[PDB]
Asks: 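Have a look at the structure that comes next, please.
When reading the values below, keep in mind they use all heavy atoms of this one structure, side chains included, and skip hydrogens, waters and symmetry mates. Within every chain, numbering begins at 1; the chains are lettered A, B, ... in the order of the sequence lines, protein sequences first and strands thereafter.
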Number of protein chains: 2
Amino acid sequence: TXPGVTXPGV
Amino acid sequence: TXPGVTXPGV
DNA sequence: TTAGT
DNA sequence: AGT
DNA sequence: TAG
DNA sequence: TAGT
């Protein structure tokens, strides 16, 4: 996710 | 930092 | 068996 | 990545 | 088992 | 020097 906590996705 | 981006500190 | 601060 |  |  |  995020970042943080990419995306998703990417 | 954070987490993310601990604390600081801890 | 992921991809991707 | 984020004294 | 970081999400 | 630290601690998702």
Asks: So what is the 5' to 3' dot-bracket string for DNA chain E, if pairs are Watson-Crick or G-U wobble with both distances under 3.5 Å, crossing pairs use [ ] and | means the partner sits on another strand?
Replies: .|.

Asks: Distance between the P atoms of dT4(F) and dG4(C), in whole angstroms?
Replies: 23 Å

Asks: Of the listed nucleotides (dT4(F), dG3(F), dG3(E)), which one gets closest to any side-chain atom of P8(B)?
Replies: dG3(F)

